[PDB]
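*Asks:*
Residue numbers (full-length UniProt numbering), protein chains in the order written: chain A, 8 to 39, 43 to 115; chain B, 120 to 124, 138 to 178.
Spelled out as structure tokens, the structure:
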């Protein structure tokens, strides 16, 4: 789940506070603290976000010709459900036998 | 056999035992049939 967590982090950081902090210093026309931090987050953060996006884009790219990157694709998980059904029917039959026994005694 | 020349309680107990065997076999039948339960299903049983 490494790639999933990376994509989630990239999505959470896409709408970062940089896009909202570009309208903070312009309102501060009465006092000039660490206001310089409102300058370094103008384009460097966007540049890093774009670099990370391009890096994530340049992944393995499994899909080339047909339908690769499988992984469920397969066996008796179905028959495992059927085995659970067997368990349920055995439960039903045992309950019926117990009811028959109770009726007989 | 030949030479060419009280049982109320007994019958009651006999009828009681016969009914007991009847209900016993009735209780048997179910588990008797469902006894195998894996025989037809050995193809995937372990």
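No residue lacks a Cβ here, since even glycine has one placed at the ideal position from N, Cα and C.
Is it the case that the Cβ atoms of residue 28(A) and residue 50(A) are separated by a distance below 8 angstroms?
*Replies:* no
*Asks:* Considering only C-alpha positions, which residue in the set 106(A), 94(A), 65(A) is nearest to residue 10(A)?
*Replies:* Checking every option, the nearest Cα to that of residue 10(A) belongs to 65(A).
*Asks:* So which residues of chain B does residue 107(A) contact, with C-beta pairs closer than 9 angstroms?
*Replies:* Below the 9 angstroms Cβ cutoff, chain B contributes 159, 162, 163, 166 as neighbours of residue 107(A), in chain order.
*Asks:* May I ask you to report which of helix, strand or coil DSSP gives residue 171(B)?
*Replies:* It is coil, neither helix nor strand.
*Asks:* Can you check whether the C-beta of residue 169(B) is within less than 8 angstroms of a C-beta belonging to chain A?
*Replies:* Nearest CB-CB separation between residue 169(B) and chain A: below the 8 angstroms threshold.
*Asks:* Do residue 24(A) and residue 62(A) have their beta-carbon atoms positioned less than 8 angstroms apart in this structure?
*Replies:* no
*Asks:* Residue 120(B) lies in the alpha helix (DSSP H); which residues open and close that run?
*Replies:* No alpha helix (DSSP H) contains residue 120(B), which DSSP labels as neither H nor E.
*Asks:* Nearest to residue 178(B) by CA position, among 31(A), 99(A), 89(A), is which residue?
*Replies:* 89(A)
*Asks:* Under 8 angstroms, with one C-beta from each stretch per pair, do the region 163-177 of chain B and the region 100-109 of chain A reach the 3-pair mark?
*Replies:* yes
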